[PDB]
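The chain below stands alone and is given as structure tokens, in the form deposited in one PDB entry.
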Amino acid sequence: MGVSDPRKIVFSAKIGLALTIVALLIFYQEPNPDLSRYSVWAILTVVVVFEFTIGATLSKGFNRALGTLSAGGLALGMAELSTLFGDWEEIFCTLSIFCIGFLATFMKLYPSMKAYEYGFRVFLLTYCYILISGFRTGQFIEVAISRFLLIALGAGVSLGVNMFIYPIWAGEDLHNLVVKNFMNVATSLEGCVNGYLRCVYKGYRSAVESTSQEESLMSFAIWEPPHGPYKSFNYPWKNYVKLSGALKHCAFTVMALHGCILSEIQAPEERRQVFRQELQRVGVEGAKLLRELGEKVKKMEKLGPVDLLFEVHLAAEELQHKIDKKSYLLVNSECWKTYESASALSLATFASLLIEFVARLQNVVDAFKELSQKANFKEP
């Protein structure tokens, strides 16, 4: 609330500050009777132009400006091509409204068509207003010019109070998310083993749903200038996305491992207490490796001159040896109820899932090496 995210306390304040500034400006002007009654547009612009991050603000401003200008020009021209049709100037002014409304509503229901929705809305609004009002090219331009000088003040105050007072970036957000994802999967892999051997959802149910957010953060960050520890005009951000994509593949195996614990068919504790010492070592080595990788990502450091996938591999090999030398406790070998014979293969399923998780750890290391190459990570 007040400690989970300090940024939420600075953004709001910024907003308030902007509003105050606008008010002060309107108070500094002389007693103009037409500068005080059109002040609801500056307030609307001030509260509608703010965005959390710099890249999102920049993209929204660019798109909105282009769409507003295009729609305004086309809607001003299409209400002047309509006064020369002749005597068909009262069925056309009734068919056009219907067609424009239909097109505007149609363009909004399809997610694919989302960059051109705003322009269409602006065109619909402007065209309908000009026709129903009774205005003429000369009587509408004066109103536009009169009520656009209180829109540009709000737009430039909102744009001045965001890029120079505690700027908030998106690349840092992506970096923090990646770190928290390595740490969530490391914190869940231990809890699944402990939950199986004792007689774990927040880490595998946050990494798998964090693809759309990563894509949006990357899209926002591609609209930002060089700053701080990120010095370049083409900074590799898809190499950060690829690492999370690789980690999600392992998080799926952790998902299956947790789901094993929630089945109707379960094995007895006395049969699962034979592999406790073998499972614990893998469950600790995997988490250690994941935390080491997360920390290296956080500090922006290249991998050392020592192999990092040795201890987990040795632990997996030992587990495989123990399984091979104890397989008689998993299947019924005297026939070479069904529930009794099916409750013993759960251990085999769990061990196979753990081995699959261990084997899926090379792609993460490969992605990290590639990222460190393209981003110029400092030597250890």
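Numbers for residues come from their place in the sequence shown, where the first is 1. If you superpose the two forms and keep the largest set of C-alpha atoms that fall within 1.5 Å, you have the rigid core.
Not on display, but discussed next: the form deposited in another entry.
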Core-superposed comparison between the shown form and the other one: the option from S212, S133, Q277, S232 whose CA moves 2 angstroms or more: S133
Core-aligned CA displacement of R291 at least 2 Å between the shown form and the other one: no
Is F148 displaced by at least 2 Å at its C-alpha between the shown form and the other one when the rigid core is overlaid? yes
After superposition on the rigid core, does the Cα atom of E190 shift by at least 2 Å between the shown form and the other one? no
